[PDB]
Each structure stands twice: as structure tokens, then as C-alpha cells.
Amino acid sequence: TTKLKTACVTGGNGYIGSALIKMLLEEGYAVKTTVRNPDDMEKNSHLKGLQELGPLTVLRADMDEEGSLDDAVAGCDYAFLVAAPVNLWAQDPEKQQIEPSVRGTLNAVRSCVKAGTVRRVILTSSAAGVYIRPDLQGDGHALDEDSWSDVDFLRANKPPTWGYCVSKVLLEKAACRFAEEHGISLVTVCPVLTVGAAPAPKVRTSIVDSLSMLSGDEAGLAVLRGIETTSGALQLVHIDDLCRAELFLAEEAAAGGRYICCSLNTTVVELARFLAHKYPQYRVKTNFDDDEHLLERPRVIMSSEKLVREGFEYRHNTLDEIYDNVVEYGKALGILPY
């Protein structure tokens, strides 16, 4: 295995990071991953099991420190920059979310350039960097990769989680400029809300949100309603499709630039009705007192046509397929009581 191609994944305890590591190993890569405390078995108890699937090395790094990633990405052919600050409700988002995001990403791409061996960097951003579009009124809109969240609007109005949206715009733009300056291929993936089982033992993130209609977690339900209100739809993708898309964009020489990753555009009401029918053993609310905001169908959709025309195909295309295994994960995590 000395001549295996080697992938770096930052944040191996994270939801997406853990799933990506598993896929990379299953597909025959050697992997190096960073976590902030490899001795923390509450967060990292899954890494020993993943080491049974293929060659996996675990390194200690905090991406906020310059040069922290140097050792882990040395010798790697691909770098998957998944880890990032995810402080949605920071009291001081400029200093606690936006600047750490930009600085953490430039730190990481700098390490990738320094390694000299990295053929491509795959940056995981978010749809939150795409869909804040207050200029679009009425329905019938489709967003593509040239849609950028309106940073001036976000900073002027500071709606909840605005700092997260802004951080994605700024880190993406900085990463792109830096990578062009240094002649390193960087492809950015902007996934929508991601659903499904992963190896990580202690995650919340989109599992809390995508299960909130079954759990009754009002914070998660507010995240779903917020996505719909601010973006014009409730968009979903299965973790397996996201991970396949990341490997595809790493491997496909002709791929370049930014890619939305999104399987389905739905709504709060459609999702609740679907879950109430599929999982009636949970108490799912489906009768909504208007809440005006609640759409009857998407007013703005996220288009994944760029990725699909590159040659990629989603495998989880219906709500049943997108929710094929997340409930068992939620139970295993204790997000769901039974």
C-alpha cells in the first residue's frame, strides 16, 4: 500500500468528515485525518474501527493555527477541507465565525501548497453561501453557482445565523484567490442540508435539524423554517451522495470551480407530511397555523445541474431515499428516544 493515493480529511470526528473518511477508505485510498484531540474518545471512538477498513493515520491539529495542517497534508494527493467553524449564533460573528473561517481556510490551503504533492483541494463550503438572495421576488427562481449570498444585506440586517452565511462567502472568495495565486487546483462544494448515517459517534449538526420534526427539538425546527424563509425552499441531500460527489470532483480532471450539491428542493410542510406518514410512531406536527412564511411549494430552487452535467448522478432522489437511514443514526446518537 506504499504507492496508494492518499487523501487528507480535516475534522475526522465531524459528521461529514467521518462519512468521507469511510468512503475514501472503502474506495481504496489511504487517508490522513486531523482532529483537535485524538485522545478524546467521546468524539473519536470511531477512528479505530475506521482503521480496519484501510490505512488511516490520525493527527492532532487546530486549523486556526498557521501551519497546523502541514504534517497531515504532507504527501497527500487530495485535500478535503471539511472542518470549519460552525458557530451559528455567535455573539460577535466577525471575530468568532467570519475571521476564523477565512483564516482557517487560508491556513489550510497554504499547507496544501507547501506539501507540493496535492493535485487538488476540495473545499466544503455550504449552500448558505449561495442562497441569501433578497433581490429575488416572487417564485420561479433557480439558483446556480453564480449566486452568492448577499453579504451587505446580511451585515445590515443581521438575521439569525447571518455570520455563518457571510463566513462562507468570504472564505470561498479568499480560498479561490489564494489558490489561483499559487496555481493549485481548488474545487468548492456547496452542499445543502445533509441527511443520513455516518460513523461519527457524537454529532448534532444537520442530524438534529433533519430529525427535528420527529424529536420535537424546537431549535432544529427553527433551523428548518429559517432555511425556507431565507432561501425559498428546504433543500436536502443524502450524506452518501455528498461524499460520492466530493470524490467525483476530486477525481474528475475536467471539473473546476464551484458546485452546488443538492438532490431535492422541498418545503417545511411537504417534509412534515412525509415524515408524519412514514414515521407515525413519533408525534409529527403537520397542521400549521399559516405561519404565513410556510410555502406551499418552493419559491426558489437550488440547481445542481452543473454537477450533474459534469457526469455525476444522485442515488437518493426521493424523500424516502434521502431518509433511508438517518432515523437509526438519530437513535444511536440519542437525538431520538426510541
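For every residue, the number given is its place in the sequence shown, counted from 1.
Trainee: Which of the two stretches, 50-58 or 268-276, shows the higher mean Cα temperature factor in the record?
Mentor: Looking at the recorded C-alpha B-factors, 50-58 comes out higher on average.
Trainee: Take the C-alpha B-factors listed in the entry for 37-45 and for 290-298, compute each mean, and give the stretch with the larger one.
Mentor: Higher of the two, by average CA B-factor, is 290-298.
Trainee: By the CA temperature factor listed in this entry, which of these ranks top: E94, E228, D241, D209?
Mentor: When the deposited C-alpha B-factors of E94, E228, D241, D209 are compared, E94 is largest.
Trainee: According to the Cα B-factor stored in this entry, which of the following is highest: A30, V308, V284, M63?
Mentor: That would be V284.
Trainee: Ordered by C-alpha B-factor within the chain, which third holds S303? Give me lowest, middle or highest, please.
Mentor: Its C-alpha B-factor belongs to the middle third of this chain's values.
Trainee: Among the modelled residues of its chain, does the C-alpha B-factor of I260 lie in the lowest, middle or highest third?
Mentor: It falls in the bottom third of the chain.
Trainee: Can you work out whether the C-alpha temperature factor of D135 puts it in the lowest, middle or highest third of the chain?
Mentor: Within its chain, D135 is a highest-third residue by C-alpha B-factor, going by the deposited values.
Trainee: Tell me, lowest, middle or highest third: where does the Cα B factor of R120 rank within its chain?
Mentor: CA B-factor rank for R120: middle third.
Trainee: For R204, does the deposited CA B-factor place it in the lowest, middle or highest third of the chain?
Mentor: According to the entry, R204 has a C-alpha B-factor in the chain's lowest third.
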